[PDB]
Amino acid sequence: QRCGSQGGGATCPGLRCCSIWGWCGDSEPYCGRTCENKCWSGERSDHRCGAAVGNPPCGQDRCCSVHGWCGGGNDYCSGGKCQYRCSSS
Ligand SMILES: CC(=O)N[C@@H]1[C@@H](O)[C@H](O[C@@H]2O[C@H](CO)[C@@H](O[C@@H]3O[C@H](CO)[C@@H](O)[C@H](O)[C@H]3NC(C)=O)[C@H](O)[C@H]2NC(C)=O)[C@@H](CO)O[C@H]1O
């Protein structure tokens with residue numbers, strides 16, 4: 001959907017990346033160099049995620065588990081274990 005400064009100020013559903021062009025997505029055009037909001041480089045140094053720290057993104061191929069930690073794989077990305085940016089699903 002539309003998002004960010006070029007798409008009426010919306011943040012993407014499921015805390016996905018918003019590209020500098022105002023569209024939501026999950027891939028390098030959305031999340032890498034041409035990312036505006038919730039970009040892969042925005043993950044915290046301590047890797048925390050979730051509402052308590054303002055719902056930061058996670059890096060490339062990492063998900064936000066329901067425990068509040070970014071990381072890769074089934075513990076972090078498989079449904080039930082993942083709260084947002086869920087991968088192995
Ligand atoms: C007007 C235009 O095409 N300008 C270019 C940008 O729009 C383009 O970004 C991509 O734009 C398309 C729309 O043209 C986006 O596709 C839409 O994406 C949403 C999900 O986010 C989906 O629901 C729509 O159905 C889909 N529409 C179409 C027509 O497929 C796409 O997500 C945008 N990609 C990015 C990375 O933002 C950029 C980059 O290609 O270039 C402009 O010139």
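Residue by residue, what Karplus-based ³J(HN,Hα) values in Hz, rounded to whole numbers, does the stretch 13-29 have, using 6.51, -1.76 and 1.60 with θ = phi - 60° and x for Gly and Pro?
x, x, 6, 6, 6, 10, 6, 4, 8, x, 10, 8, x, 10, 10, 3, x
Give me the one-decimal Kirkwood hydrodynamic radius in Å for the chain, with the sum taken over alpha-carbon pairs. Don't skip to the end; give the middle numbers.
On the way: mean 1/r = 0.0797 Å⁻¹.
By the Kirkwood definition, the hydrodynamic radius is 12.5 Å.
Work out, step by step, the length gained on full extension between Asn74 and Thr34: first 0.36 nm times the residue separation, then minus their alpha carbon distance; give nm to one decimal. Display every interim value, and only then the final one.
Values: separation 40, 0.36 × 40 = 14.40 nm, distance 2.75 nm.
Full extension of this stretch gives 11.6 nm more.
Using modelled backbone amide H atoms (1.01 Å from N, in-plane), which distant-in-sequence or interchain residues come within less than 5 Å of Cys35's amide H?
Amide H to amide H, under 5 Å and 5 or more residues apart or across chains, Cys35 pairs with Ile20.
Taking only DSSP H segments of four or more residues, each worth -39500 (n - 2.57), what value at 222 nm results for the chain once the sum is divided by all its residues, to the nearest 500 deg cm²/dmol? Mind dumping the intermediate values first?
Working: 2 runs with 8 residues, N = 89.
Result for the chain, helices only: -1500 deg cm²/dmol.
For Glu43, which sequence-distant residues (separation of 5 or more, or a different chain) have an amide H within less than 5 Å of its own amide H, given hydrogens modelled in the peptide plane?
For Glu43, the qualifying residues are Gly59.
Could you work out the relative contact order of the stretch 18-89? I mean the mean sequence separation of Cα pairs under 8 Å and 6+ apart, divided by the number of residues, in percent. Before the final figure, lay out the partial values.
Working: 156 pairs, mean separation 13.9, N = 72.
Rounded, it is 19 percent for the stretch 18-89.
No lab work stands behind these numbers, since they all come straight from the coordinates.
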